[PDB]
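Data block below; observations after.
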Amino acid sequence: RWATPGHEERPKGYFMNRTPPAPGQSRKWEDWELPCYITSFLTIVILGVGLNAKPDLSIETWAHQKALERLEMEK
Amino acid sequence: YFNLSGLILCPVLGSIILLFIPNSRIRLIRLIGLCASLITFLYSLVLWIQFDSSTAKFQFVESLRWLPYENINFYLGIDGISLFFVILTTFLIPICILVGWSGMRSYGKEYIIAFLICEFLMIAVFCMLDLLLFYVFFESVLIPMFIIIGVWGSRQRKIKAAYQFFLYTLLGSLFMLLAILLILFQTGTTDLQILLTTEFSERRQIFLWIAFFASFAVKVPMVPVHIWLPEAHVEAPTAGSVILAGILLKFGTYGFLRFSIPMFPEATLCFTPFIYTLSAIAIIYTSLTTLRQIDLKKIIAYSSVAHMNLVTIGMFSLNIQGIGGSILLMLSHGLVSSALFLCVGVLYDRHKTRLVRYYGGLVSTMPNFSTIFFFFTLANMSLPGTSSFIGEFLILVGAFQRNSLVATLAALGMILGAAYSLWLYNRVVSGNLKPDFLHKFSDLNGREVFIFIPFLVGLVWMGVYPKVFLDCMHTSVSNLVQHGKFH
Amino acid sequence: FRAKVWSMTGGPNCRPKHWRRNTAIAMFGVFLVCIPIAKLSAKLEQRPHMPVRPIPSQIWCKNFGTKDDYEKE
Amino acid sequence: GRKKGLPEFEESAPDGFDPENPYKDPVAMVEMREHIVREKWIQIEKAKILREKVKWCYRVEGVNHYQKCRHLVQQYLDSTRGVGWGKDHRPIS
Amino acid sequence: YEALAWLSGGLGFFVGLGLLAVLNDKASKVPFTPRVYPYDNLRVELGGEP
Amino acid sequence: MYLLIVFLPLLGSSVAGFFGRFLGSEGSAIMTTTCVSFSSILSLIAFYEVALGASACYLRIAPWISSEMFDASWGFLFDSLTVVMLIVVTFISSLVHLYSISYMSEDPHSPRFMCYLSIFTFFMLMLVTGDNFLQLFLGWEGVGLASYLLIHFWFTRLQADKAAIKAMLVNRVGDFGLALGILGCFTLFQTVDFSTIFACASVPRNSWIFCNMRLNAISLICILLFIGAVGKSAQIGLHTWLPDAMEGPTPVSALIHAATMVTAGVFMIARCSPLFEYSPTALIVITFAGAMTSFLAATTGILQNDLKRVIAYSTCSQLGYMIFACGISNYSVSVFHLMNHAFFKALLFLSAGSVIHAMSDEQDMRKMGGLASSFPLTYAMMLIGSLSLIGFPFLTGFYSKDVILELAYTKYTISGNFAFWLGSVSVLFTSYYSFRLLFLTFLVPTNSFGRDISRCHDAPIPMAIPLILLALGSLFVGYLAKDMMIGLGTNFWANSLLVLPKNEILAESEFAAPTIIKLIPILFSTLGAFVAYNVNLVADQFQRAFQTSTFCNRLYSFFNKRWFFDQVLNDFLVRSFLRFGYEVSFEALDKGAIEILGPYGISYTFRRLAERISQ
Amino acid sequence: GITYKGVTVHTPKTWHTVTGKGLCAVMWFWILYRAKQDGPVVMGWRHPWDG
Amino acid sequence: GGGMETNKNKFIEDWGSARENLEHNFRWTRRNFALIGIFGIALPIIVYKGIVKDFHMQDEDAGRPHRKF
Ligand SMILES: CCCCCCCCCCCCCCCCCC(=O)O[C@@H](COC(=O)CCCCCCCCCCCCCCC)COP(=O)(O)OCC[N+](C)(C)C
Ligand SMILES: CCCCCCCCCCCCCCCCCCCC(=O)O[C@H](COC(=O)CCCCCCCCCCCCCC)COP(=O)(O)OCCN
């Protein structure tokens with residue numbers, strides 16, 4: 001049974017139970033979708049190029065450099 | 001110059017615009033409310049960009065006079081701890097708007113008024129350094145939650161549910177107010193920076209610590225007083241009930257961090273075993289009570305009670321890692337419990353039973369809901385790889401380093417967490433399908449599918465890489481642990 | 001009633017007609033994203049030991065025999 | 001409004017704080033409190049760096065790690081006596 | 001409740017046979033001597049001081 | 001390259017689960033199995049470049065928990081010990097994947113099965129390659145999660161649901177000890193990594209303050225770690241789950257019940273070798289528990305009359321043997337028996353599944369009789385596997401059981417002699433019920449029904465190649481690995497396994513053998529063969545059914561109900577917990593007792609005080 | 001396989017009998033092969049490797 | 001058959017909204033006194049004593065005198 005074509009014209013079930021419209025027209029986005037989608041994109045970009053733009057200043061890297069230049073003073 | 005003033009003004013403008021909008025224009029009310037909430041969320045996120053996690057002192061502060069002699073005044077600001085709570089508060093509310101989006105016609109515009117009012121109200125709580133006004137906004141959240149529970153409650157028995165949630169809060173609130181009066185009359189002001197630098201009397205320390213504990217033991221469910229949360233929490237709308245365990249439950253627990261631990265260094269040490277002997281038996285008793293439960297909402301609330309009693313152990317165990325783990329666990333719980341109540345409320349909005357007996361075999365249908373529910377149960381199941389486990393592992397580490405006995409009882413909590421949550425999952429969405437009761441039912445559409453996406457991504461992000469959350473607040477936790485003593 | 005539910009992981013007997021075409025894409029999809037895992041790992045796998053015999057991993061790796069001392073970490 | 005480099009607050013000592021009367025100069029007590037943690041994090045970090053020293057020593061030497069890392073094992077065990085706030089033996093800082 | 005009566009006997013055999021291994025004292029029945037290493041039982045390569 | 005060993009099964013599982021509708025029931029079967037086979041080839045390459053080309057590989061991806069001096073990282077430890085288990089897990093996982101595609105061709109929800117299998121493969125790869133306790137803990141919990149998911153593969157099946165739930169609770173109670181162990185060892189070293197504690201793990205010699213009284217520190221840590229390994233090795237403490245775990249599909253059971261999750265608890269001890277040897281107290285209790293569990297399982301399996309149930313007790317007996325091997329500082333025979341076991345019990349599991357699903361899905365001994373001549377292939381396979389199981393002289397299983405029993409005899413400690421006695425008397429039981437399995441099936445008149453025999457169909461070719469590979473393995477691997485890894489000081493382990501100078505008894509385990517004890521377990525094996533053949537083939541007129549008055553039916557029930565553990569433990573612990581969670585906590589603590597302050601407690605109090613105040 | 005009064009057994013395929021026989025004969029030969037070369041190891045008589 | 005809601009069986013409604021209010025039953029009885037005095041005043045006291053004893057033993061090992069608490 002590794003050569004016969006499948007007996008399925010389309011994957012069963014509807015994605016989010018939303019019945020596709022007649023062919024040719026769009027999905028008719030809902031009122032909440034557009035602001036929520038643009039805010040999701042803004043969140044993604046802010047957390048992407050904002051988090052990996054903040055200088056690494058903390059109590060960890062400052063202490064790291066300080067102890068790296070202070071453990072070497074054993075004499 | 002994205003300061004804290006705008007973060008509080010924006011929800012106020014959103015509420016004010018909504019007040020003068022006709023009820024007929026239901027299209028505009030929801031759109032503008034959601035837009036205001038999302039703008040507030042982005043304005044909170046941008047603060048994380050300019051946080052400057054280096055200084056021990058406080059971040060952006062706004063000072064507004066409140067008394068003729070500038071004795072006490074509105075003094076804003078975050079240090080390292082309330083920042084994440086502000087972000088999560090600004091993030092949960094748009095989810096509240098989205099979950100109650102379809103049925104807004106019956107709710108009206110008054111539904112969004114209460115939510116936005118509580119929104120900037122809880123925003124003004126976390127970033128409020130002045131001690132007294134912290135109490136003013138700490139109990140200001142009574143009215144919005146009272147209204148949400150009562151006006152849009154599910155069943156008719158909501159009348160008795162709200163009374164407990166109110167009066168239990170008022171008792172502790174006024175008990176704290178007396179301590180605030182004693183502190184102000186003794187010291188002279190209530191500004192946090194000064195009041196942390198005042199030599200107190202040991203006999204006075206114990207009484208004031210008890211007075212603060214009078215209310216802070218009600219917000220976090222303790223053994224003597226935890227009846228209000230289940231009764232007044234099963235009987236609230238899903239959009240509203242998702243922040244009783246979301247932000248309304250983190251006031252007292254976080255209030256311990258800001259107004260109890262550095263405030264009374266010599267009293268928390270003397271009262272440490274009492275908190276241990278309360279929370280350790282709470283995590284056992286509440287967890288056992290959870291097993292013999294039938295309502296779908298109450299089990300999640302009891303699991304939340306157990307999680308808060310667990311985080312209380314790790315908070316009073318003064319460790320640089322204990323407090324950080326407490327904050328991580330509180331954020332993770334705010335995510336997972338919110339997700340779980342949405343998951344158990346989407347079932348109610350379709351069938352309206354709230355009984356595990358009727359539910360069964362929900363894997364043969366609505367599989368996406370089953371997958372989401374399984375993921376959030378695993379998150380509540382305390383598995384490594386999710387943000388929770390990072391949460392309670394540090395709690396256990398901090399407790400064991402101080403006391404060996406308390407750690408074993410606390411870990412009994414995560415042992416017993418597999419007895420009720422997994423049983424609920426296998427008894428709701430993995431049983432034998434029964435067509436007698438659930439004749440017909442749909443699956444999640446595009447709204448609730450997108451609702452869980454931020455929850456899932458934040459859960460995984462803070463579970464596999466919690467570095468940024470710990471990176472942003474190592475200075476503040478270090479300053480909080482080292483206080484009063486000099487060794 | 002099985003056709004009504006989506007069953008995101010596939011239905012019970014989900015047998016698409018062009019399943020071979022999708023499997024070819026899926027296998028190609030794994031390979032194309034597997035290269036970044038292999039490429040990013042080349043800057044890793046520090047093994048200070050030198051094997052007694054040559055292995056075939058010297059072409060894409062250089063983190064062996066270099067991290068000898070432990071006084072400048 | 002900062003330089004692109006790592007910040008440096010102060011290193012020598014806070015002059016205002018007097019141990020005999022800890023609550024005498026509130027302005028300088030917070031400086032002492034923050035200086036304590038900013039100096040204890042240095043010890044924590046050097047403990048971490050010596051931990052990685054030991055870890056790479058065990059990862060290089062082989063079976064003879066009971067006689068070629070004892071000079072670092074004794075430098076680790078004594079560094080955990082007063083590191084951070086982790087065990088009831090608080091360091092005498 | 002009758003099962004607990006069988007439970008005591010079932011584990012009793014294990015511990016009872018465990019005690020019997022004490023009544024024979026196979027420790028003193030070794031046919032050889034304790035193992036010895038050079039250099040103070042390999043003191044340098046097991047710790048101590050160089 | 002080394003990241004491809006671990007991440008490819010996860011990637012295959014994720015893509016199969018997310019796009020199980022884009023790929024048919026065979027697309028995922030040929031895709032996930034191909035990815036797992038590629039991972040197996042990568043593991044073989046790593047074994048060639050590490051085990052023989054002795055140079056361990058080390059790495060660190062990113063910091064997981066970057067708190068203060070609690071450095072948690074995503075690094076892995078590609079060590080000589082680890083790569084052997086890489087081979088063991090990858091080869092068996094790929095063979096099981098090939099095995100399942102034939103079995104699951106009729107089971108509807110096919111792609112979900114390979115999705116779960118690949119999740120398990122990824123989790124245990126993460127566990128074995130791990131180098132930090134907490135980062136090993138995610139694999140430890142993920143193995144249990146995948147075990148639950150796979151036993152819960154049949155959501156309709158009520159028995160599977162209860163079995164899965166009980167397995168999760170008992171495994172949680174088990175690894176409670178290990179979970180305590182991570183932070184127990186952390187409070188003495190202020191670190192969680194492996195390379196920084198195995199460097200100096202003998203220095204600490206202080207005590208602690210536990211719940212009741214002050215005890216030792218290292219010994220307590222090792223005790224906690226062993227209690228954690230109890231949950232994932234079905235020891236005397238909590239072994240309620242494995243006997244009831246075979247309520248799900250068969251191909252997974254060849255991978256979860258007898259091949260790999262078997263290795264988790266023993267590999268806990270094996271990985272942390274230079275921690276238990278410095279805690280002699282923990283070693284002795286480990287030996288006691290291992291011997292007790294091995295004997296208990298060996299005498300448990302004999303009465304049961306099911307294919308999967310009895311062999312689960314054989315697996316538990318091997319668990320006890322391996323736990324003892326890890327309890328006497330003789331970890332060499334532990335890993336050697338692990339490698340042998342993953343062959344000669346996975347093979348038997350595949351054979352049992354092949355004969356079960358080809359006989360109208362029946363797994364019984366009382367009902368099914370003999371059909372050996374109907375098909376010789378998988379019976380020859382299972383006969384080879386059984387011969388390895390008893391450890392016939394000069395076979396794969398002999399080279400492990402013989403040496404482990406000799407090591408048990410040599411050590412004269414109070415636990416060595418007792419556990420050697422227990423192992424010697426358990427050899428008789430294991431050789432008895434193994435041949436009982438060989439005899440009650442395929443060597444008796446057929447007692448089955450007349451419809452199932454007509455509907456007979458042998459093992460398909462794709463499911464027979466894994467059996468062929470396992471048969472080829474567990475006939476030469478024992479001879480090939482006897483010299484190279486247990487050879488009196490073989491130089492490939494390096495730091496992977498460390499044995500203290502004091503407790504090193506290997507040379508006198510071979511050159512001081514009395515020759516009257518080394519070859520005795522073969523004598524118990526042949527005696528068990530004789531008695532089993534006599535009872536189950538000829539002398540069964542009275543030796544089979546005992547219709548006496550008393551003390552003989554109860555003897556039957558005592559071992560059938562496995563020492564009433566499922567009865568006494570249930571009623572006295574979980575039934576009591578469920579009773580007192582409703583009649584104590586919900587009665588005299590919160591609801592009813594202190595509720596005299598909420599509704600109907602003070603509400604009626606102010607319906608009298610406030611009333612008599614207007615007048 | 002020929003059909004009877006209830007047992008209409010199907011004969012095993014060509015490769016499900018000869019493969020089994022020719023693979024089991026290997027193990028049967030290997031038992032004696034290891035009992036001859038390395039056989040003298042564990043018997044108590046004639047210890048090999050310079051003995 | 002067009003009702004998405006449950007049928008709300010009569011025998012299940014009482015079972016549901018009976019355990020929700022147990023104040024009437026759990027007011028005054030003999031077993032309640034024993035249960036409360038053995039699991040709300042007894043166990044918390046025992047565990048508190050255990051915790052303070054553990055703190056005292058930790059103090060003694062370090063040598064510092066135990067705090068009054
Ligand atoms: C320790 C936590 C780690 C992170 C958690 C994720 C680990 C996997 C957890 C999910 C595993 C799958 C469990 C899904 C629920 C099982 C029951 C169920 O609802 O099945 C659904 C869902 O099916 C699935 O199993 C989907 C699996 C999706 C999960 C794939 C992701 C797993 C890998 C991610 C791990 C994280 C990777 C690391 C990230 C950095 C549909 O199955 P059907 O075959 O269609 O049968 C239903 C019957 N009927 C057809 C009639 C409707
Ligand atoms: C189904 C479609 C869903 C689409 C989502 C994406 C699809 C993939 C989903 C899989 C899950 C991925 C989740 C992200 C995992 C990231 C793990 C590593 C993150 C990390 O620690 O590195 C940070 C990267 O910053 C970053 O850029 C991180 C950006 C992550 C954005 C996620 C936005 C979620 C917002 C949720 C808010 C919830 C609030 C709750 C409090 C900075 O690390 P660093 O400091 O070391 O910098 C380095 C300077 N040298």
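Identifiers in the structure tokens: chain A, B, ... in order shown; residue index from 1 per chain; ligand index from 1 in order shown.
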**OP:** Would you please give, as a list in words, all residues of chain E that DSSP assigns to alpha helix (DSSP H) based on the backbone?
**Re:** residues 2, 3, 4, 5, 6, 7, 8, 9, 10, 11, 12, 13, 14, 15, 16, 17, 18, 19, 20, 21, 22, 23, 38, 39, 40, 41 and 42 of chain E
Original post:
Which neighbours of residue 88 of chain D fall inside 12 Å, counting only C-alpha atoms, when residues of the same chain fewer than 4 positions from it are skipped, and could you give them as a PyMOL selection string?
Top reply: (chain B and resi 317-319+398-403+487) or (chain D and resi 80-84+92) or (chain F and resi 187) or (chain H and resi 55+58-64)
For the residues in that selection, give me C-alpha atoms as a PDB file, in the first residue's frame.
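Result went into out_28.pdb, see below:
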ATOM      1  CA  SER B 317      13.887  32.435  53.085  1.00  0.00           C
ATOM      2  CA  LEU B 318      16.225  35.371  52.582  1.00  0.00           C
ATOM      3  CA  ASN B 319      18.555  34.289  49.789  1.00  0.00           C
ATOM      4  CA  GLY B 398      16.664  28.737  48.996  1.00  0.00           C
ATOM      5  CA  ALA B 399      14.607  26.882  51.593  1.00  0.00           C
ATOM      6  CA  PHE B 400      16.958  23.897  51.923  1.00  0.00           C
ATOM      7  CA  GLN B 401      20.024  26.120  52.333  1.00  0.00           C
ATOM      8  CA  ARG B 402      18.389  27.660  55.418  1.00  0.00           C
ATOM      9  CA  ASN B 403      16.233  24.848  56.846  1.00  0.00           C
ATOM     10  CA  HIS B 487      28.121  41.201  57.204  1.00  0.00           C
TER      11      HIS B 487
ATOM     12  CA  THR D  80      32.639  28.875  49.507  1.00  0.00           C
ATOM     13  CA  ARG D  81      33.017  29.714  53.209  1.00  0.00           C
ATOM     14  CA  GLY D  82      31.880  33.321  52.830  1.00  0.00           C
ATOM     15  CA  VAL D  83      30.459  33.630  49.309  1.00  0.00           C
ATOM     16  CA  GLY D  84      27.146  35.401  48.708  1.00  0.00           C
ATOM     17  CA  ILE D  92      32.405  38.644  58.190  1.00  0.00           C
TER      18      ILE D  92
ATOM     19  CA  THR F 187      24.558  23.008  49.546  1.00  0.00           C
TER      20      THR F 187
ATOM     21  CA  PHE H  55      17.187  25.805  63.781  1.00  0.00           C
ATOM     22  CA  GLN H  58      21.960  24.239  63.206  1.00  0.00           C
ATOM     23  CA  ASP H  59      22.949  27.012  65.621  1.00  0.00           C
ATOM     24  CA  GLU H  60      24.693  24.591  67.990  1.00  0.00           C
ATOM     25  CA  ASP H  61      26.851  23.089  65.232  1.00  0.00           C
ATOM     26  CA  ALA H  62      28.020  26.569  64.246  1.00  0.00           C
ATOM     27  CA  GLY H  63      28.381  27.288  67.975  1.00  0.00           C
ATOM     28  CA  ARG H  64      26.363  30.506  68.077  1.00  0.00           C
TER      29      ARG H  64
END
Original post:
Could you write out as a list in words the residues of chain C within 8 Å of chain A, counting only C-alpha atoms?
Top reply: residues 2, 3, 4, 5, 6, 7, 10, 11, 14, 15, 16, 17, 18 and 19 of chain C
Prev. selection, N, CA, C and O atoms, output as a compact mmCIF listing (two decimals), in the first residue's frame:
# COMPACT_ATOMS: atom_id res chain seq x y z
N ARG C 2 -15.79 12.16 12.09
CA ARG C 2 -14.36 12.43 12.18
C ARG C 2 -13.92 13.51 11.20
O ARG C 2 -12.96 14.24 11.49
N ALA C 3 -14.59 13.63 10.06
CA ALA C 3 -14.21 14.64 9.07
C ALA C 3 -14.45 16.06 9.57
O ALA C 3 -13.83 16.99 9.04
N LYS C 4 -15.32 16.24 10.55
CA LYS C 4 -15.63 17.59 11.02
C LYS C 4 -14.50 18.16 11.87
O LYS C 4 -14.16 19.34 11.75
N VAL C 5 -13.91 17.34 12.74
CA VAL C 5 -12.85 17.81 13.63
C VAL C 5 -11.54 17.92 12.86
O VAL C 5 -11.26 17.11 11.96
N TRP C 6 -10.74 18.94 13.19
CA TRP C 6 -9.55 19.23 12.40
C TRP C 6 -8.48 18.16 12.58
O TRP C 6 -7.92 17.66 11.60
N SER C 7 -8.18 17.79 13.83
CA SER C 7 -7.14 16.81 14.14
C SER C 7 -5.79 17.25 13.57
O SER C 7 -5.26 16.67 12.62
N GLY C 10 -3.14 15.28 12.20
CA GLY C 10 -3.63 14.32 11.24
C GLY C 10 -4.79 13.53 11.80
O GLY C 10 -4.82 13.24 13.00
N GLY C 11 -5.75 13.18 10.95
CA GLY C 11 -6.88 12.39 11.38
C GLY C 11 -6.45 10.98 11.70
O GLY C 11 -5.26 10.64 11.65
N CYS C 14 -5.62 9.68 8.14
CA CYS C 14 -5.34 10.77 7.21
C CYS C 14 -4.36 10.33 6.13
O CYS C 14 -3.18 10.10 6.42
N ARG C 15 -4.83 10.23 4.90
CA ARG C 15 -4.03 9.76 3.77
C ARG C 15 -4.18 10.75 2.62
O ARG C 15 -4.99 10.56 1.71
N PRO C 16 -3.40 11.84 2.63
CA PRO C 16 -3.46 12.80 1.53
C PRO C 16 -3.01 12.16 0.22
O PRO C 16 -2.18 11.24 0.20
N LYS C 17 -3.58 12.65 -0.88
CA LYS C 17 -3.25 12.10 -2.19
C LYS C 17 -1.77 12.27 -2.50
O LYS C 17 -1.08 11.30 -2.84
N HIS C 18 -1.26 13.49 -2.38
CA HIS C 18 0.15 13.78 -2.64
C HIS C 18 0.97 13.73 -1.35
O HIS C 18 1.71 14.65 -1.03
N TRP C 19 0.86 12.63 -0.61
CA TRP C 19 1.63 12.50 0.62
C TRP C 19 3.12 12.33 0.33
O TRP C 19 3.96 12.77 1.13
Original post:
Taking only C-alpha atoms and all ligand atoms into account, which residues are within 10 Å of ligand 2, as a PyMOL selection string?
Top reply: (chain A and resi 40-56) or (chain B and resi 41+45+83-92+328+331-332+334-335+449-450+452-472) or (chain F and resi 62-64)
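Distances here use only C-alpha atoms; by that measure, the residue among H:1, H:44, H:8, H:13 closest to chain F is H:44.
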Only residues of chain H matter here; which ones have an atom within 6 Å of chain B, counting only C-alpha atoms? Give them as a PDB file with C-alpha atoms, in the first residue's frame.
ATOM      1  CA  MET H   4     -25.219  22.961  22.980  1.00  0.00           C
ATOM      2  CA  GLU H   5     -25.654  23.103  26.759  1.00  0.00           C
ATOM      3  CA  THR H   6     -25.736  20.067  29.019  1.00  0.00           C
ATOM      4  CA  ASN H   7     -28.966  18.373  30.064  1.00  0.00           C
ATOM      5  CA  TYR H  48       6.691  24.184  64.315  1.00  0.00           C
ATOM      6  CA  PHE H  69      12.414  33.520  68.424  1.00  0.00           C
TER       7      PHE H  69
END
Original post:
Taking only C-alpha atoms into account, which of F:90, F:102, F:330, F:13 comes nearest chain A?
Top reply: F:102
Subject >> All residues 8 Å or closer to residue 43 of chain C, only C-alpha atoms, same chain fewer than 4 positions away omitted, as a PyMOL selection string >> reply: chain C and resi 39+61+63
Original post:
Got a sec: who's within 12 Å of residue 39 of chain G, counting only C-alpha atoms, leaving out chain neighbours fewer than 4 positions off, as number ranges by chain?
Top reply: F: 393-395; G: 30-35, 43-48
**OP:** Check which residues fall inside 6 Å of ligand 1 when counting only C-alpha atoms and all ligand atoms, and print them as a list in words.
**Re:**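 Taking only C-alpha atoms and all ligand atoms into account, the residues around ligand 1 at most 6 Å away are residues 363, 364, 365, 367, 370, 371, 374, 375, 383, 384 and 385 of chain B; 2, 7, 9, 10, 11 and 12 of chain C; 14, 17, 18, 109, 112 and 142 of chain F.
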Write out, as a PDB file, in the first residue's frame, the residues just selected, with C-alpha atoms.
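Once everything was written out, this is result_23.pdb:
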ATOM      1  CA  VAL B 363      -9.669  14.376  22.773  1.00  0.00           C
ATOM      2  CA  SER B 364     -11.830  12.641  20.171  1.00  0.00           C
ATOM      3  CA  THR B 365     -13.066  16.174  19.442  1.00  0.00           C
ATOM      4  CA  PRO B 367      -8.010  18.257  19.670  1.00  0.00           C
ATOM      5  CA  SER B 370      -6.833  19.244  24.200  1.00  0.00           C
ATOM      6  CA  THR B 371      -3.242  19.977  23.151  1.00  0.00           C
ATOM      7  CA  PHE B 374      -2.234  19.385  28.098  1.00  0.00           C
ATOM      8  CA  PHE B 375       0.577  21.903  27.628  1.00  0.00           C
ATOM      9  CA  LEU B 383       7.990  20.009  34.521  1.00  0.00           C
ATOM     10  CA  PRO B 384      11.493  21.229  33.743  1.00  0.00           C
ATOM     11  CA  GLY B 385      11.640  23.085  30.456  1.00  0.00           C
TER      12      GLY B 385
ATOM     13  CA  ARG C   2     -14.357  12.426  12.177  1.00  0.00           C
ATOM     14  CA  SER C   7      -7.142  16.805  14.140  1.00  0.00           C
ATOM     15  CA  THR C   9      -1.703  16.060  14.022  1.00  0.00           C
ATOM     16  CA  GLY C  10      -3.628  14.322  11.235  1.00  0.00           C
ATOM     17  CA  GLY C  11      -6.876  12.392  11.376  1.00  0.00           C
ATOM     18  CA  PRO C  12      -7.066   8.723  12.348  1.00  0.00           C
TER      19      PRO C  12
ATOM     20  CA  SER F  14       8.007  18.354  16.079  1.00  0.00           C
ATOM     21  CA  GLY F  17       3.281  16.279  15.125  1.00  0.00           C
ATOM     22  CA  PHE F  18       2.695  19.737  13.664  1.00  0.00           C
ATOM     23  CA  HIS F 109      -3.506   7.043  15.099  1.00  0.00           C
ATOM     24  CA  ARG F 112       1.154  10.380  16.875  1.00  0.00           C
ATOM     25  CA  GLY F 142      10.793  13.870  30.330  1.00  0.00           C
TER      26      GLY F 142
END
Original post:
Rounded to one decimal in Å, what is the spacing between atom CA of residue 134 of chain B and atom CA of residue 258 of chain B?
Top reply: 10.5 Å
